[PDB]
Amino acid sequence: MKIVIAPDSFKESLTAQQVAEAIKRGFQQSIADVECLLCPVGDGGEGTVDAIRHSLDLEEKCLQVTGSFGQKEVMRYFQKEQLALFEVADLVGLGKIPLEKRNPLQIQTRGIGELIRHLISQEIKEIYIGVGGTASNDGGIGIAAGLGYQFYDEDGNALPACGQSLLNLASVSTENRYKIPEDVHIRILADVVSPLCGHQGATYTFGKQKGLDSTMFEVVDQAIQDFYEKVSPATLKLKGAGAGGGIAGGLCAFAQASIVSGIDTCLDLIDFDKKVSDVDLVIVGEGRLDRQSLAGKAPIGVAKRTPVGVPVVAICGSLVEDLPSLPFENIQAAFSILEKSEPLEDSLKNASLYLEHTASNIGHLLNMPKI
C-alpha cells in the first residue's frame, strides 16, 4: 500500500515537511509494509519554497543585497540550471524583524530588485518568487527603486525609498529603468487575489498585522494609488497585486512579472502528477480547513490532481464548522488532530505529536478487516 503524503504547512506551527514526517511515523507505526512518499506542498505562502526544495534538487546560493534598513545583508535563493527560486520573506519577512523595528512604511525592499538583476546576468530564464509573510507596506516602490526608478517630492529631493515616502510623493523619474529581457519569465506564486489599493487592498487587509495603526490606512492606501496612477495605472486592476504589501504589484509593473496559482505552480515543480501515478491513498491537510481551503487552497489543489478512484483524506490542525458534508468530491474524510480542550498555543506546540497520533489511528482503521 502506497501513500502519497502531500500536506501544506501549518501556519505558526509546522512546515509542510514536518507535517509530512509526523504523518509518516504514524502510518509506519500502524501499517506493516507500507510505502510513504513525502511530497510536501505550498500554495504560495511563506514556506512554499522550502517545500518545493524537498522534491526538486536545487542549489542554495547567497547574494549581498540591500537590507530592510539600508545596511548590506545576505539574501538566499535556489537555483537549478536556468531556473531560480526565492522567498521575499527571506529578506523582509516578518519572521525576522523584531517588533521593536516594525514600521511597514520604513522598510526597504529594493534588495529584491537587485536580486533579480543578478539572476538575469547569471543567465536565469525562470524566476519563481514567493511573496507573503512580509512586514512591509510600501506598495512596491522598493522594487521600482531597486530597478532604476527614482522618486522626488514637492521639492527635488532624493526621497528615501520606503512606504512612508509614498505620502510625500510628487516627482518621479523613470529614466534609468532596468529592462527585463523578454526571454526571462518571472512568476509570483500567489496565495491571495487581494488588489493593490482599496478596502480589500494591501494596506487595509494586512496593514494591522504588521505594525500599522488603522488611522494611517486611509492615507497610505491613497498615496499608493497616486503612485501607480503616475507610473503604472494598469497594475491597480491586477487581482493579486496586493500580496507582500504591494511587492507583488511592484513586480508586475517594473519586473514584468505575472502572478500565478501558488499551489498549481508548486505542484508542477515537484512533479506531483507523476508522484501520484498508481497510488493507493493520498493525504492532504493544513492548519485550518475551511470553505476557502476547499475552494482554491493547497488541500483541494492536491485533491483535484489525484487519479480517479484514489481516496483522499485530510488531516488538519482544525476544521471550521462551515464545512460541506463529506465526502466532498474525492476527499473521503477529514480529521482534526486536536486531542483535548486546551489553550491554542499548546496545540500548535504539540502538533507534531498530534499529527502522528491521528495518522496511527487512521492507520489502525485501514488495517481493520472487513465483515
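Sequential numbering from 1, following the sequence displayed.
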Query raised in the report: 261 to 269 versus 162 to 170: which one carries the higher mean Cα B factor per the record?
Result: 162 to 170
Requested in this report: Return whichever of 152 to 160 and 186 to 194 has the greater mean Cα B factor according to the PDB record.
Outcome: 152 to 160
**Report entry** Highest-ranked of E114, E126, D90, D226 once sorted by CA temperature factor in the record
**Finding:** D226
Report task. Determine which member of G246, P233, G130, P299 has the highest CA B-factor, using the values in the deposited entry. Result -> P233
Report summary line: Tertile call for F86 (CA temperature factor, within chain, third-based) is the lowest
Query - Third of the chain, ranked by Cα B-factor, where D346 sits - result: middle
Report task. Give the position of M216 by CA B-factor within its chain, expressed as the lowest, middle or highest third. Result -> highest
Query raised in the report: What third of its chain's C-alpha B-factors does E321 belong to: lowest, middle or highest?
Result: highest
**Report entry** Within-chain third of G242 by Cα B-factor, per the entry
**Finding:** lowest
